[PDB]
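S.K.: Handing over work_2.pdb, PDB, C-alpha atoms and all ligand atoms.
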```
ATOM      1  CA  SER A  19      23.835 -26.957 -19.696  1.00  0.00           C
ATOM      2  CA  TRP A  20      23.152 -24.594 -16.790  1.00  0.00           C
ATOM      3  CA  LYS A  21      20.849 -21.605 -17.217  1.00  0.00           C
ATOM      4  CA  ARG A  22      22.434 -18.183 -16.897  1.00  0.00           C
ATOM      5  CA  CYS A  23      21.284 -15.658 -14.319  1.00  0.00           C
ATOM      6  CA  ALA A  24      19.848 -12.386 -15.622  1.00  0.00           C
ATOM      7  CA  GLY A  25      21.148 -10.625 -12.519  1.00  0.00           C
ATOM      8  CA  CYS A  26      24.839 -11.573 -12.609  1.00  0.00           C
ATOM      9  CA  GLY A  27      25.363 -13.353 -15.953  1.00  0.00           C
ATOM     10  CA  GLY A  28      26.771 -16.429 -14.206  1.00  0.00           C
ATOM     11  CA  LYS A  29      25.704 -20.027 -14.620  1.00  0.00           C
ATOM     12  CA  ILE A  30      23.175 -21.167 -12.033  1.00  0.00           C
ATOM     13  CA  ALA A  31      24.413 -24.337 -10.374  1.00  0.00           C
ATOM     14  CA  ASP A  32      22.212 -23.843  -7.308  1.00  0.00           C
ATOM     15  CA  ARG A  33      19.742 -26.537  -6.337  1.00  0.00           C
ATOM     16  CA  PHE A  34      16.984 -23.934  -6.068  1.00  0.00           C
ATOM     17  CA  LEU A  35      16.540 -20.948  -8.343  1.00  0.00           C
ATOM     18  CA  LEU A  36      13.956 -18.496  -9.647  1.00  0.00           C
ATOM     19  CA  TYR A  37      12.141 -17.828 -12.867  1.00  0.00           C
ATOM     20  CA  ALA A  38      10.718 -14.354 -13.353  1.00  0.00           C
ATOM     21  CA  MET A  39      10.352 -11.901 -16.251  1.00  0.00           C
ATOM     22  CA  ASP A  40      11.086 -14.914 -18.407  1.00  0.00           C
ATOM     23  CA  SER A  41      14.658 -15.110 -17.106  1.00  0.00           C
ATOM     24  CA  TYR A  42      16.349 -17.438 -14.636  1.00  0.00           C
ATOM     25  CA  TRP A  43      17.964 -16.056 -11.502  1.00  0.00           C
ATOM     26  CA  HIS A  44      20.040 -17.045  -8.549  1.00  0.00           C
ATOM     27  CA  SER A  45      17.608 -16.006  -5.805  1.00  0.00           C
ATOM     28  CA  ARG A  46      20.213 -13.622  -4.340  1.00  0.00           C
ATOM     29  CA  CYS A  47      20.395 -11.872  -7.722  1.00  0.00           C
ATOM     30  CA  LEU A  48      16.683 -10.978  -7.991  1.00  0.00           C
ATOM     31  CA  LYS A  49      16.458  -7.961  -5.741  1.00  0.00           C
ATOM     32  CA  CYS A  50      14.317  -4.884  -5.382  1.00  0.00           C
ATOM     33  CA  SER A  51      15.979  -1.912  -7.077  1.00  0.00           C
ATOM     34  CA  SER A  52      14.959   0.341  -4.182  1.00  0.00           C
ATOM     35  CA  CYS A  53      15.341  -1.693  -0.958  1.00  0.00           C
ATOM     36  CA  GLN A  54      17.451  -4.696  -2.110  1.00  0.00           C
ATOM     37  CA  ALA A  55      14.952  -7.208  -0.728  1.00  0.00           C
ATOM     38  CA  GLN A  56      15.345 -10.724  -2.090  1.00  0.00           C
ATOM     39  CA  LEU A  57      12.078 -10.817  -4.035  1.00  0.00           C
ATOM     40  CA  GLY A  58      11.807 -14.596  -4.301  1.00  0.00           C
ATOM     41  CA  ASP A  59      11.765 -14.958  -0.519  1.00  0.00           C
ATOM     42  CA  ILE A  60       9.822 -11.949   0.613  1.00  0.00           C
ATOM     43  CA  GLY A  61       6.811 -12.464  -1.650  1.00  0.00           C
ATOM     44  CA  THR A  62       5.369 -14.125  -4.723  1.00  0.00           C
ATOM     45  CA  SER A  63       5.992 -11.469  -7.346  1.00  0.00           C
ATOM     46  CA  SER A  64       7.953  -8.513  -8.604  1.00  0.00           C
ATOM     47  CA  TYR A  65       6.856  -5.302 -10.313  1.00  0.00           C
ATOM     48  CA  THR A  66       8.508  -3.828 -13.394  1.00  0.00           C
ATOM     49  CA  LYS A  67       8.275  -0.121 -14.045  1.00  0.00           C
ATOM     50  CA  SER A  68      10.506   2.730 -15.234  1.00  0.00           C
ATOM     51  CA  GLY A  69      13.594   0.513 -15.613  1.00  0.00           C
ATOM     52  CA  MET A  70      13.243  -0.943 -12.098  1.00  0.00           C
ATOM     53  CA  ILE A  71      12.345  -4.304 -10.601  1.00  0.00           C
ATOM     54  CA  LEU A  72      10.486  -3.629  -7.356  1.00  0.00           C
ATOM     55  CA  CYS A  73       8.968  -5.341  -4.372  1.00  0.00           C
ATOM     56  CA  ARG A  74       5.277  -4.688  -3.878  1.00  0.00           C
ATOM     57  CA  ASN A  75       5.892  -2.175  -1.073  1.00  0.00           C
ATOM     58  CA  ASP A  76       8.281  -0.039  -3.134  1.00  0.00           C
ATOM     59  CA  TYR A  77       6.026  -0.295  -6.199  1.00  0.00           C
ATOM     60  CA  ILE A  78       3.178   1.089  -4.058  1.00  0.00           C
ATOM     61  CA  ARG A  79       5.451   3.735  -2.547  1.00  0.00           C
ATOM     62  CA  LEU A  80       6.892   4.964  -5.854  1.00  0.00           C
ATOM     63  CA  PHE A  81       3.846   4.496  -8.147  1.00  0.00           C
ATOM     64  CA  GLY A  82       0.711   4.087  -6.026  1.00  0.00           C
ATOM     65  CA  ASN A  83      -1.825   6.850  -5.528  1.00  0.00           C
ATOM     66  CA  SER A  84      -0.814   9.049  -2.633  1.00  0.00           C
ATOM     67  CA  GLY A  85      -3.307  11.573  -1.338  1.00  0.00           C
ATOM     68  CA  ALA A  86      -3.603  14.429   1.099  1.00  0.00           C
ATOM     69  CA  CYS A  87      -5.368  14.957   4.406  1.00  0.00           C
ATOM     70  CA  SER A  88      -8.344  17.310   4.199  1.00  0.00           C
ATOM     71  CA  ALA A  89      -7.805  18.340   7.833  1.00  0.00           C
ATOM     72  CA  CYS A  90      -4.088  19.193   7.969  1.00  0.00           C
ATOM     73  CA  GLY A  91      -3.328  19.479   4.233  1.00  0.00           C
ATOM     74  CA  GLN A  92      -0.276  17.220   4.408  1.00  0.00           C
ATOM     75  CA  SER A  93       0.522  14.344   2.051  1.00  0.00           C
ATOM     76  CA  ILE A  94      -0.557  10.771   2.845  1.00  0.00           C
ATOM     77  CA  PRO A  95       1.542   7.939   1.357  1.00  0.00           C
ATOM     78  CA  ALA A  96      -0.293   5.262  -0.674  1.00  0.00           C
ATOM     79  CA  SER A  97       0.731   2.741   2.027  1.00  0.00           C
ATOM     80  CA  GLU A  98      -0.997   4.552   4.899  1.00  0.00           C
ATOM     81  CA  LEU A  99      -4.435   3.697   6.314  1.00  0.00           C
ATOM     82  CA  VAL A 100      -6.866   6.615   6.154  1.00  0.00           C
ATOM     83  CA  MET A 101     -10.312   7.550   7.389  1.00  0.00           C
ATOM     84  CA  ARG A 102     -12.975   8.742   4.976  1.00  0.00           C
ATOM     85  CA  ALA A 103     -15.830  11.204   5.080  1.00  0.00           C
ATOM     86  CA  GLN A 104     -17.741  12.969   2.333  1.00  0.00           C
ATOM     87  CA  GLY A 105     -15.216  12.294  -0.431  1.00  0.00           C
ATOM     88  CA  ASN A 106     -12.239  13.391   1.676  1.00  0.00           C
ATOM     89  CA  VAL A 107      -9.439  11.385   3.255  1.00  0.00           C
ATOM     90  CA  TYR A 108      -7.853  11.969   6.671  1.00  0.00           C
ATOM     91  CA  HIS A 109      -4.899  10.838   8.749  1.00  0.00           C
ATOM     92  CA  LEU A 110      -6.344   8.680  11.531  1.00  0.00           C
ATOM     93  CA  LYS A 111      -5.186  11.174  14.173  1.00  0.00           C
ATOM     94  CA  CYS A 112      -6.650  14.121  12.185  1.00  0.00           C
ATOM     95  CA  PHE A 113     -10.097  12.494  12.071  1.00  0.00           C
ATOM     96  CA  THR A 114     -11.354  14.306  15.162  1.00  0.00           C
ATOM     97  CA  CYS A 115     -14.417  16.052  16.541  1.00  0.00           C
ATOM     98  CA  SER A 116     -14.165  19.803  15.891  1.00  0.00           C
ATOM     99  CA  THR A 117     -15.721  20.596  19.295  1.00  0.00           C
ATOM    100  CA  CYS A 118     -14.202  18.142  21.794  1.00  0.00           C
ATOM    101  CA  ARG A 119     -11.149  16.938  19.806  1.00  0.00           C
ATOM    102  CA  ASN A 120     -11.932  13.221  20.306  1.00  0.00           C
ATOM    103  CA  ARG A 121     -10.525  10.940  17.627  1.00  0.00           C
ATOM    104  CA  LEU A 122     -13.398   9.277  15.780  1.00  0.00           C
ATOM    105  CA  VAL A 123     -13.116   5.529  15.210  1.00  0.00           C
ATOM    106  CA  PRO A 124     -15.027   2.892  13.220  1.00  0.00           C
ATOM    107  CA  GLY A 125     -18.646   2.506  14.339  1.00  0.00           C
ATOM    108  CA  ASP A 126     -18.858   5.980  15.889  1.00  0.00           C
ATOM    109  CA  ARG A 127     -21.759   8.204  14.927  1.00  0.00           C
ATOM    110  CA  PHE A 128     -20.751  11.596  13.574  1.00  0.00           C
ATOM    111  CA  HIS A 129     -21.885  14.695  11.723  1.00  0.00           C
ATOM    112  CA  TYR A 130     -20.204  16.585   8.896  1.00  0.00           C
ATOM    113  CA  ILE A 131     -21.008  20.194   8.057  1.00  0.00           C
ATOM    114  CA  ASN A 132     -18.819  21.968   5.486  1.00  0.00           C
ATOM    115  CA  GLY A 133     -15.656  20.066   6.373  1.00  0.00           C
ATOM    116  CA  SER A 134     -16.126  20.159  10.144  1.00  0.00           C
ATOM    117  CA  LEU A 135     -16.513  16.777  11.826  1.00  0.00           C
ATOM    118  CA  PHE A 136     -18.574  16.457  15.017  1.00  0.00           C
ATOM    119  CA  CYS A 137     -19.012  13.451  17.288  1.00  0.00           C
ATOM    120  CA  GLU A 138     -22.421  12.107  18.307  1.00  0.00           C
ATOM    121  CA  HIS A 139     -22.471  14.119  21.537  1.00  0.00           C
ATOM    122  CA  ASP A 140     -21.409  17.382  19.889  1.00  0.00           C
ATOM    123  CA  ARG A 141     -24.216  17.621  17.333  1.00  0.00           C
ATOM    124  CA  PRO A 142     -23.862  21.263  16.221  1.00  0.00           C
ATOM    125  CA  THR A 143     -27.516  22.208  16.708  1.00  0.00           C
ATOM    126  CA  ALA A 144     -26.797  25.930  16.330  1.00  0.00           C
ATOM    127  CA  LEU A 145     -25.194  25.321  12.907  1.00  0.00           C
ATOM    128  CA  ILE A 146     -28.020  22.974  11.887  1.00  0.00           C
ATOM    129  CA  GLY A 211     -28.405  16.926  10.833  1.00  0.00           C
ATOM    130  CA  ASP A 300     -27.611  13.599   9.178  1.00  0.00           C
ATOM    131  CA  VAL A 301     -25.943  11.004  11.395  1.00  0.00           C
ATOM    132  CA  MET A 302     -23.124   9.082   9.690  1.00  0.00           C
ATOM    133  CA  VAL A 303     -21.261   5.966  10.805  1.00  0.00           C
ATOM    134  CA  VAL A 304     -17.466   5.972  10.691  1.00  0.00           C
ATOM    135  CA  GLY A 305     -16.185   3.251   8.349  1.00  0.00           C
ATOM    136  CA  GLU A 306     -13.142   1.045   8.810  1.00  0.00           C
ATOM    137  CA  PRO A 307      -9.839   2.573   7.725  1.00  0.00           C
ATOM    138  CA  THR A 308      -8.722   1.765   4.187  1.00  0.00           C
ATOM    139  CA  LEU A 309      -5.419   2.104   2.347  1.00  0.00           C
ATOM    140  CA  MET A 310      -4.801   5.486   0.732  1.00  0.00           C
ATOM    141  CA  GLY A 311      -3.607   3.854  -2.484  1.00  0.00           C
ATOM    142  CA  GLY A 312      -6.629   1.573  -2.598  1.00  0.00           C
ATOM    143  CA  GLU A 313      -6.854  -1.298  -5.022  1.00  0.00           C
ATOM    144  CA  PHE A 314      -4.532  -1.240  -8.008  1.00  0.00           C
ATOM    145  CA  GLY A 315      -4.256  -3.280 -11.186  1.00  0.00           C
ATOM    146  CA  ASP A 316      -1.692  -6.009 -11.747  1.00  0.00           C
ATOM    147  CA  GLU A 317      -0.428  -4.716 -15.140  1.00  0.00           C
ATOM    148  CA  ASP A 318       3.187  -4.326 -13.869  1.00  0.00           C
ATOM    149  CA  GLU A 319       3.147  -7.467 -11.684  1.00  0.00           C
ATOM    150  CA  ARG A 320       5.388 -10.330 -12.760  1.00  0.00           C
ATOM    151  CA  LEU A 321       4.990 -13.532 -10.753  1.00  0.00           C
ATOM    152  CA  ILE A 322       8.070 -15.303  -9.467  1.00  0.00           C
ATOM    153  CA  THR A 323       8.311 -19.080  -9.722  1.00  0.00           C
ATOM    154  CA  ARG A 324      10.546 -20.931  -7.295  1.00  0.00           C
ATOM    155  CA  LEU A 325      12.178 -23.882  -9.075  1.00  0.00           C
ATOM    156  CA  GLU A 326      14.348 -26.836  -8.244  1.00  0.00           C
ATOM    157  CA  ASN A 327      17.305 -27.266 -10.640  1.00  0.00           C
TER     158      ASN A 327
HETATM  159 ZN    ZN B   1      23.102 -14.464 -10.361  1.00  0.00          ZN
HETATM  160 ZN    ZN B   2      11.676  -2.895  -2.182  1.00  0.00          ZN
HETATM  161 ZN    ZN B   3      -3.849  15.159   8.647  1.00  0.00          ZN
HETATM  162 ZN    ZN B   4     -17.145  15.767  20.247  1.00  0.00          ZN
END
```
Represent the structure of the file as structure tokens.
Ligand SMILES: [Zn+2]
Ligand SMILES: [Zn+2]
Ligand SMILES: [Zn+2]
Ligand SMILES: [Zn+2]

M.R.:
Amino acid sequence: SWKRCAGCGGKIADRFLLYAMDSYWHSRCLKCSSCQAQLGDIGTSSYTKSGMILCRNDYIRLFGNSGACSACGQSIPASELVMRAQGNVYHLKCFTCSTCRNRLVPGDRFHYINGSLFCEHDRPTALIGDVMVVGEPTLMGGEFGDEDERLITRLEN
């Protein structure tokens, strides 16, 4: 007999179907609670949390570690790339020299004194010393564990 779909309760007569969260699904019936994406096509897994079944992007958005920019004070979503210095995170466009206002980018030399960033050519001698190298941007949310991840298997009926 046909398997029943956990999404709609109907028999699955489709040639291709999904298995996830130890249920069978018509692919169209396995959708992100937030954005309605068809999980079996967009990616390889779903995330279960707080009664929802989510795509990776909405799992990150709703449950990932957001932060805040040390320069402007405003929130930074878990999905956003940030610059780092001295244990702080920054919007890319907030990561600027305090003297000349140039945006600092990976590989640039810079100084940091009490929260103020300075480019290589604006060494604040009067205030002063250590030269730092700007790292590549990284995701605000960083790495996260797979405890809520549930792989999707694409099957032929
Ligand atoms: Zn269905
Ligand atoms: Zn989604
Ligand atoms: Zn900012
Ligand atoms: Zn400068």

S.K.: Identify, counting all atoms listed in the file, the protein, DNA and RNA residues located within 12 Å of ligand ZN 4 (chain B), and give them as a PDB file with C-alpha atoms, in the coordinates of the input.

M.R.:
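selection15.pdb was written with the following content:
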```
ATOM      1  CA  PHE A 113     -10.097  12.494  12.071  1.00  0.00           C
ATOM      2  CA  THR A 114     -11.354  14.306  15.162  1.00  0.00           C
ATOM      3  CA  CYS A 115     -14.417  16.052  16.541  1.00  0.00           C
ATOM      4  CA  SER A 116     -14.165  19.803  15.891  1.00  0.00           C
ATOM      5  CA  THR A 117     -15.721  20.596  19.295  1.00  0.00           C
ATOM      6  CA  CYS A 118     -14.202  18.142  21.794  1.00  0.00           C
ATOM      7  CA  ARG A 119     -11.149  16.938  19.806  1.00  0.00           C
ATOM      8  CA  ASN A 120     -11.932  13.221  20.306  1.00  0.00           C
ATOM      9  CA  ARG A 121     -10.525  10.940  17.627  1.00  0.00           C
ATOM     10  CA  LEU A 122     -13.398   9.277  15.780  1.00  0.00           C
ATOM     11  CA  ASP A 126     -18.858   5.980  15.889  1.00  0.00           C
ATOM     12  CA  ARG A 127     -21.759   8.204  14.927  1.00  0.00           C
ATOM     13  CA  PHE A 128     -20.751  11.596  13.574  1.00  0.00           C
ATOM     14  CA  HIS A 129     -21.885  14.695  11.723  1.00  0.00           C
ATOM     15  CA  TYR A 130     -20.204  16.585   8.896  1.00  0.00           C
ATOM     16  CA  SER A 134     -16.126  20.159  10.144  1.00  0.00           C
ATOM     17  CA  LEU A 135     -16.513  16.777  11.826  1.00  0.00           C
ATOM     18  CA  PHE A 136     -18.574  16.457  15.017  1.00  0.00           C
ATOM     19  CA  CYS A 137     -19.012  13.451  17.288  1.00  0.00           C
ATOM     20  CA  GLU A 138     -22.421  12.107  18.307  1.00  0.00           C
ATOM     21  CA  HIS A 139     -22.471  14.119  21.537  1.00  0.00           C
ATOM     22  CA  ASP A 140     -21.409  17.382  19.889  1.00  0.00           C
ATOM     23  CA  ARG A 141     -24.216  17.621  17.333  1.00  0.00           C
ATOM     24  CA  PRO A 142     -23.862  21.263  16.221  1.00  0.00           C
TER      25      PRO A 142
END
```

S.K.: Counting all atoms listed in the file, figure out which residue out of A:90, A:322, A:80, A:55 gets nearest to ligand ZN 3 (chain B).

M.R.: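 Answer, going by the shortest atom-to-atom distance: A:90.
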
S.K.: Any chance you could resolve the PyMOL selection byres (((not hetatm)) within 9 of (chain B and resi 3)) against this file and give the residues as a VMD selection string?

M.R.: chain A and resid 86 to 94 107 to 113

S.K.: What is the CA of residue 43 in chain A-CA of residue 323 in chain A distance in Å, reported with one decimal?

M.R.: 10.3 Å

S.K.: So which one's closest to ligand ZN 2 (chain B), A:74, A:59, A:41, A:34? Using only C-alpha atoms and all ligand atoms, please.

M.R.: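 Comparing A:74, A:59, A:41, A:34 against ligand ZN 2 (chain B), the winner is A:74.
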
S.K.: Please evaluate the PyMOL selection byres (((chain A and resi 23) around 10) and not hetatm) against the displayed coordinates and give the resulting residues as a ChimeraX atom specification.

M.R.: /A:20-22,24-30,35-37,41-45,47-48

S.K.: 6 Å from ligand ZN 2 (chain B) is the threshold here; counting all atoms listed in the file, which polymer residues fall inside it? Answer as a PyMOL selection string.

M.R.: chain A and resi 50+52-53+55+72-73+75-76

S.K.: So which residues touch residue 96 in chain A within 10 Å, counting all atoms listed in the file, skipping near sequence neighbours fewer than 3 positions away, as a list in words?

M.R.: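 In the requested format, the answer is residues 75, 78, 79, 80, 81, 82, 83, 84, 85, 86, 93, 99, 100, 309, 310, 311 and 312 of chain A.
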
S.K.: Please determine, counting all atoms listed in the file, which residue among A:325, A:40, A:31, A:315 has the shortest atom-to-atom distance to ligand ZN 1 (chain B).

M.R.: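 Smallest separation from ligand ZN 1 (chain B) among the options: A:31.
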